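Novice:
Number of protein chains: 4
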Amino acid sequence: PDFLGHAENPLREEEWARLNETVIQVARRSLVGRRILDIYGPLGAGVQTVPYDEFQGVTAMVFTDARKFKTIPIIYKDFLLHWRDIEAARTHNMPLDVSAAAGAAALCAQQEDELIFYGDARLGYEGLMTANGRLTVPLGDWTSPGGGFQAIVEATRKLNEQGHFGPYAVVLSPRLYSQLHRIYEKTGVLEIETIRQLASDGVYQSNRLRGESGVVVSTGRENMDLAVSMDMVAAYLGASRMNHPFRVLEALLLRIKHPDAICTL
Amino acid sequence: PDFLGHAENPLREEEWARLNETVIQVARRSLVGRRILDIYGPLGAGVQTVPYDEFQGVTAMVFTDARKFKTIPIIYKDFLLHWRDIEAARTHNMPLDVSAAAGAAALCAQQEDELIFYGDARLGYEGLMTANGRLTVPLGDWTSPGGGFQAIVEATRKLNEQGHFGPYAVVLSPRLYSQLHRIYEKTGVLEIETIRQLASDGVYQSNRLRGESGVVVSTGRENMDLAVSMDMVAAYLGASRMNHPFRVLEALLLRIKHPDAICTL
Amino acid sequence: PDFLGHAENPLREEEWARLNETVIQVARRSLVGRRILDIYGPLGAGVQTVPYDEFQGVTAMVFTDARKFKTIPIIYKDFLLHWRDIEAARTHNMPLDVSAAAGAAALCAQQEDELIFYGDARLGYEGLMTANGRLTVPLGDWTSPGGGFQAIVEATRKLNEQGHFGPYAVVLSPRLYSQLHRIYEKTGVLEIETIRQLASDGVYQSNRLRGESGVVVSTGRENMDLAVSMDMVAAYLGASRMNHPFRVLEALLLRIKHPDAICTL
Amino acid sequence: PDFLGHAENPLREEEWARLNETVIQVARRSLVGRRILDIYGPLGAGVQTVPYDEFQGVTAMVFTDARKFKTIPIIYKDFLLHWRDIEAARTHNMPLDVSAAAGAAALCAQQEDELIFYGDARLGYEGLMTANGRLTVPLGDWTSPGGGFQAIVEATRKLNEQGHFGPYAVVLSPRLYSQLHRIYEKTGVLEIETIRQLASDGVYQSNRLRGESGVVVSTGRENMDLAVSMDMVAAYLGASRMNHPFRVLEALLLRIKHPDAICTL
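Residue numbers (PDB author numbering), protein chains in the order written: chain H, 1 to 58, 71 to 277; chain E, 1 to 58, 71 to 277; chain A, 1 to 58, 71 to 277; chain U, 1 to 58, 71 to 277.
Next comes the structure, spelled out in structure tokens:
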């Protein structure tokens, strides 16, 4: 009967394909970090450590590669399919409900963006909001109509003088996004279109930022990367008590190879 | 073991293809000069001199081709891959990190744009900012709202009277770009849209220009060319001390076949 | 002529085999550390980081493998074969002189033993003489006939009470080795035979130890390992100026997975 | 991907062979009981009860085999391999780390020797230190130089008068082993060589014995056996939460078929 037995992929190939498509699609729709960072290609699930810097190195002599090494975190969320649903979908209703997968993937991607913007801060992971040498600037009197473009211009000037010209990118909190998206306030048209023309790559909004945020970054690779050990895939754990629990995995590591292209408002 | 040996392409065909794709892609994204100049097709790395003018020529008689001849410069930047990384990527992590290639290509393309806009000025190379018979015009009181469009109009009029009508193109410094991109200042809408409609080919911004710049040019071929000896390719030098150093090459020459279509602000 | 050309293995397969045999043989004869430490098998030259501990680990949740990660050093020594010698040995004298390889390998193995016993101490590497939680004991009045066996017995008792019984091993400095190897001094026969019977694995002498040393360790695996990235092989660098320089490589890392089985005199 | 699936031997045949070789090798090195007891051959994991005596047996009549029957204990220790390590070793580093297996096997073999020498004493299991009819003898004034050989001689005499001549074997505690291994103390040479010549099979040391111990036994089969249900093998339990837990099994039973060849000091 094949269901009075333990395990080894209760779902068929079509159902696995549908599940993976759903999880990948909702991840791609939700994630905002993966739209300004070039990704070090998918290395495979085997790797656990990746270099964090750039290779600039030159009786017996000993040579120790002194760049840096950091371990790759792993993000997961659990979800459960009832016993009878799979057995039905194998003969009964051809669709298999994958609502739980969508919910789990949404939570996982939200945690991913939170991890990129804020590091764990005690495990040693760093982030676009906590990187050392962050080029911090003050962003005060934002409520004044026309006081947000000034901070963006001074920030991009500070990055230009440090040697980092080229296309920029801006990630703003929802409140600041609305404030800059509502008013004209300086000379001409809405004071988010001028910033969008200044950034030349895009101005995005991230829900994970706190009340006041808004870093501008230099989108070029070799400034900041994103090591993808493996993209979001759904994995089967094992039939606990004749049900079927799964897990959606992801293993990303932000590496700030050059923390000069960061400027926090 | 193939790594206790010297040389001859440590990278496989797939890795070479990825490296060349990365370098070409970042070059194409960064370069601004190659968007207003038609390119004399890639001649191959063999050539070292190209004619700089147009052929208009008519006891024994001697005939000397008296047009002009100039040598083609070559732009390069070095980068280094560690020894173990290639050996790993051959069996371990399938990706090979090409961050260094991206950085080197960005620097090389920046130097390319600098070379086009400013010549070497002592090696004899000339440029859109230093060409003789440049049709120089004064650009003063730019800060006055509505004082930038006037200079563009007088410049395009000066080019029209010299016999060079047709589509134009404008390359402005970042400061002037923002100043014209921020204000309405004359009659109607933002005073960069009217200039964009006047130019009919595009108004671009180049980071390599100094504080005050902004030439307008006639985009037609036979007015100004761009001799491409070879596009940006990554070349392997030779394993110095069991590491692997590379070099990204480029050989371009701007030739101003007719310095009437230039006007510096 | 094949010698008016650059590179790619000037030596034939027989000569390479002889060279590798010589270097491996002298290494195996000289090394004393590899006789009390089980080796994590040769991982291949690709790997650069290995775990330093034992896996004991258990809105979305993030899991960071928190054991430890350390990079694998690399030990090398250079040697040079004259130009004409290889060309002769290809037709003239069938032997190729490999004296330089033997000297380089001896120096490399000496540095290896020094590295195992003393860590680099500033690069972060640790060693049987500097490990934290070392169970230090005082070894005074060694000159007194019969005062060396007492220290060994108290040290092995201290290890027994900590939970580490099983076979032991002892590594003594040359001076202490002679002192214990010269005198009877307690009850019966030479006071190095009783210690040898107590250790049950062997009492060895290492030249790299300073004046006063003599740790006793528990030889079992899972107490202390030795990660072998690659054994000593001779590698060819590249014909600099028509000569032929080589290099003998080695990449070992001592990992003290459990610094309870150490006791320094 | 074969790792987004549950179970059925995550390790390949080579890795299983290496694991079993490591566990068996460390067991064989550590165990001291299996060096004086002939083993009733490996019966297979199926059996759970073995006879404990020797068959000496002769309206309807009923015949009940009245020898004895005892159940075979099972000794295990758990260890865990991380999720990513197996996936890496399948493509990345060819070695698989088996340190945990070595530690678990060492603990299991230590428990085995403890079980042989001391029975469970409440489950009914018996041992060379607790067997009834043990021929107990007093071993006092051991510290006196030459007072240990006397006890061994009187013990072997007591066994000889009981009808059990033939080769003997001696298992002594570490303290008594050192005391007899340090002094000459009677007539000639070290007072452990004479006992070794008296025993004719070997004098061994076991760490599991308490402060004062030292039985001498008659090594012949049919006096005392060792029923091996199955030797130490590593078994896979099942992927709990995408990790991989294992277990090393062993099922031995000491059976004292004739408790006359025992004499406790």
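Each residue gets a CB set at the ideal place from its N, CA and C atoms; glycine is no exception.
Quick test of your reading: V215/H and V182/H, contact by CB under 8 Å. State the CB separation rounded to the nearest angstrom.
Specialist: Reading the first sequence from its first residue, position 203 is the one you call residue 215/H. Reading the first sequence from its first residue, position 170 is the one you call residue 182/H. With 8 Å as the limit, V215/H and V182/H qualify as a contact, their Cβ atoms being about 4 Å apart.
Novice: By the DSSP assignment, the alpha helix (DSSP H) with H193/U in it spans what residues?
Specialist: Locating residue 193/U in the fourth sequence gives position 181, counting from the first residue. Its alpha helix (DSSP H) spans residues 186-194.
Novice: Work out the CA separation of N172/A and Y180/A for me, nearest whole Å.
Specialist: As a position in the third sequence, residue 180/A is number 168, starting the count at 1. As a position in the third sequence, residue 172/A is number 160, starting the count at 1. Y180/A and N172/A have their C-alpha atoms roughly 10 Å apart.
Novice: Pull the bridge partners of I128/A from the DSSP assignment, please.
Specialist: Position 116 of the third sequence, counted from the first residue, corresponds to residue 128/A. Per DSSP, none; premise fails for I128/A.
Novice: Using the Cβ count rule (16 or more neighbours within 10 Å means buried), how would you classify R35/E?
Specialist: Residue numbering aside, residue 35/E sits at position 35 when the second sequence is read from its first letter. Taking a 10 Å sphere around the C-beta of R35/E, we find fewer than 16 other C-beta atoms and assign the residue as exposed.
Novice: When we look at the beta-carbon of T168/E and count the other beta-carbons within 10 Å, is it buried (16 or more) or exposed?
Specialist: As a first step, residue 168/E must be located in the second sequence, where it is residue number 156. Result: buried.
Novice: Based on the DSSP output, what are the partners of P51/A in its beta bridges?
Specialist: Locating residue 51/A in the third sequence gives position 51, where the first residue counts as 1. As DSSP reads the structure, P51/A sits in a beta bridge with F81/A.
Novice: Does any residue of chain C have a CB that is nearer than 8 Å to the CB of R259/A?
Specialist: Checking the listed chains, one finds no chain C in this structure; the protein chains it contains are H, E, A and U.
Novice: Distance, Cα to Cα, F75/A vs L264/H?
Specialist: The residue labelled residue 75/A in the question sits at position 63 within the third sequence. The residue labelled residue 264/H in the question sits at position 252 within the first sequence. C-alpha separation (whole angstroms): 12 Å.
Novice: Going by C-alpha distance, which of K170/U, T155/U, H176/U, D213/U is nearest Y189/U?
Specialist: Along the fourth sequence, one-based indexing puts residue 189/U at 177. When each option's Cα is compared against that of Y189/U, the closest is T155/U.
Novice: If you reduce the DSSP assignment to three classes, tell me which class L266/A lands in.
Specialist: Walking along the third sequence from the start, residue 266/A turns up at place 254. Three-state result, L266/A: strand.
Novice: Measure the alpha-carbon distance for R96/A versus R102/A and round it to whole angstroms.
Specialist: As a first step, residue 96/A is located in the third sequence; it is residue number 84 there, counting from the start. As a first step, residue 102/A is located in the third sequence; it is residue number 90 there, counting from the start. CA-to-CA, the gap between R96/A and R102/A works out to about 10 Å.
Novice: Between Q122/H and the rest of its own chain, which residues show a CB-CB distance below 8 Å, the 5 nearest in sequence each way excluded?
Specialist: Along the first sequence, one-based indexing puts residue 122/H at 110. So the list reads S30, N219, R220, once near-sequence residues are dropped.
Novice: With respect to the beta strand (DSSP E) encompassing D243/H, which residues constitute its N-terminal and C-terminal limits?
Specialist: As a working note, residue 243/H is residue 231 in the first sequence. Counting along the chain, the beta strand (DSSP E) containing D243/H begins and ends at 237-248.
Novice: Please classify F3/H: does DSSP put it in a helix, a strand, or coil?
Specialist: As a working mapping, residue 3/H is identified with position 3 in the first sequence. Looking at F3/H - three-state DSSP - the assignment turns out to be coil, as it is neither helix nor strand.
Novice: Measuring only between beta-carbons, confirm whether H104/U sits less than 8 Å from chain E.
Specialist: For this step, residue 104/U is matched to residue 92 along the fourth sequence. Output row for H104/U: interface = yes.
Novice: What are the start and end residues of the beta strand (DSSP E) that includes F75/H?
Specialist: The sequence position of residue 75/H within the first sequence is 63, counting from 1. 73-75 is the extent of the beta strand (DSSP E) around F75/H.
Novice: From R253/E to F3/A, what does the alpha carbon distance come to, in whole angstroms?
Specialist: Here residue 253/E refers to the residue found at position 241 of the second sequence. Here residue 3/A refers to the residue found at position 3 of the third sequence. Each residue's Cα considered, the two are about 21 Å apart.
Novice: Among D243/U, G57/U, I86/U, which has the Cα closest to the Cα of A27/U?
Specialist: Position 27 of the fourth sequence holds residue 27/U. Just measuring C-alpha positions, the residue of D243/U, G57/U, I86/U sitting nearest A27/U is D243/U.
Novice: Kindly indicate if chain A contains any beta-carbon less than 8 Å away from that of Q217/H.
Specialist: The residue labelled residue 217/H in the question sits at position 205 within the first sequence. No - not a single Cβ of chain A is within 8 Å of the one on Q217/H.
Novice: Closest by CA to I128/U, which one among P10/U, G139/U, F55/U?
Specialist: As a working note, residue 128/U is residue 116 in the fourth sequence. The shortest C-alpha separation from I128/U is found at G139/U.
Novice: Is there a Cβ from chain A that is less than 8 Å from the Cβ of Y196/U?
Specialist: Residue numbering aside, residue 196/U sits at position 184 when the fourth sequence is read from its first letter. Yes, contact with chain A.
Novice: Take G250/A and list the residues in its own chain whose beta-carbon comes closer than 8 Å to its own, dropping the five residues that flank it on each side.
Specialist: Indexing the third sequence from 1 puts residue 250/A at position 238. Only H6, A7, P257 meet the Cβ criterion.
Novice: For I39/E and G226/H, I'd like the C-alpha separation in whole angstroms.
Specialist: For the purposes of this step, residue 39/E is taken as residue 39 along the second sequence, with counting starting at 1. For the purposes of this step, residue 226/H is taken as residue 214 along the first sequence, with counting starting at 1. Taking the straight line from one Cα to the other gives about 41 Å.
Novice: In this structure, does DSSP put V23/U in helix, strand or coil?
Specialist: For this step, residue 23/U is matched to residue 23 along the fourth sequence. Three-state DSSP puts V23/U in a helix.
Novice: Quick one: residues in its chain with C-beta nearer than 8 Å to the C-beta of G44/E, no 5 flanking neighbours on either side, listed in chain order?
Specialist: In the second sequence, residue 44/E corresponds to position 44, counting from 1. The residues are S241, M242.
Novice: Do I274/A and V201/A come within 8 Å of each other at the CB atom, strictly closer than that value?
Specialist: Here residue 201/A refers to the residue found at position 189 when the third sequence is read from its first residue. Here residue 274/A refers to the residue found at position 262 when the third sequence is read from its first residue. Against a cut-off of 8 Å, the Cβ pair of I274/A and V201/A comes out as no contact.
Novice: Under the rule that 16 or more other beta-carbon atoms within 10 Å means buried, what is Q56/U, buried or exposed?
Specialist: Taking the first residue of the fourth sequence as position 1, residue 56/U is located at position 56. Flag for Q56/U reads exposed.
Novice: Just the Cα atoms here: how many angstroms apart are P157/H and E197/H?
Specialist: Within the first sequence, numbered from 1, the residue matching residue 157/H stands at position 145. Within the first sequence, numbered from 1, the residue matching residue 197/H stands at position 185. Each residue's Cα considered, the two are about 5 Å apart.
Novice: Closer than 6 Å by C-beta to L151/U: which residues in its own chain qualify, once you throw out the five before and the five after it? Chain order, please.
Specialist: Stepping through the fourth sequence from its first residue, residue 151/U is reached at position 139. Cβ within range, chain order: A163, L277.
Novice: At a Cβ threshold of 8 Å, is residue 60/E touching chain A?
Specialist: Since the model of chain E includes 58 and then 71 but nothing between them, residue 60/E has no atomic positions to report.
Novice: Which residues in chain A sit within 9 Å of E14/E, going by Cβ to Cβ distance?
Specialist: One-based indexing of the second sequence puts residue 14/E at position 14. By Cβ distance, chain A contributes nothing, its closest Cβ being about 17 Å from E14/E, past 9 Å.
Novice: Would you mind reading off the limits of the beta strand (DSSP E) that contains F161/H?
Specialist: Here the question's residue 161/H lines up with position 149 in the first sequence. That residue, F161/H, is in no beta strand (DSSP E); its alpha helix (DSSP H) goes 161-173.
Novice: Nearest by alpha-carbon distance to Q209/A: which of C120/A, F161/A, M106/A is it?
Specialist: For the purposes of this step, residue 209/A is identified with residue 197 of the third sequence, where counting begins at 1. Closest option to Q209/A, Cα to Cα, is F161/A.
Novice: Going residue by residue through the region 95-123 of chain U, where are the continuous alpha helix (DSSP H) segments of at least 4 residues, counting only ones entirely within it?
Specialist: Runs found: 95-103.
Novice: What does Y180/H reach in chain U if we use C-beta pairs closer than 7 Å?
Specialist: Within the first sequence, residue 180/H is the residue found at index 168, counting from 1. The contacting residues do not exist; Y180/H stays about 37 Å from chain U at best.
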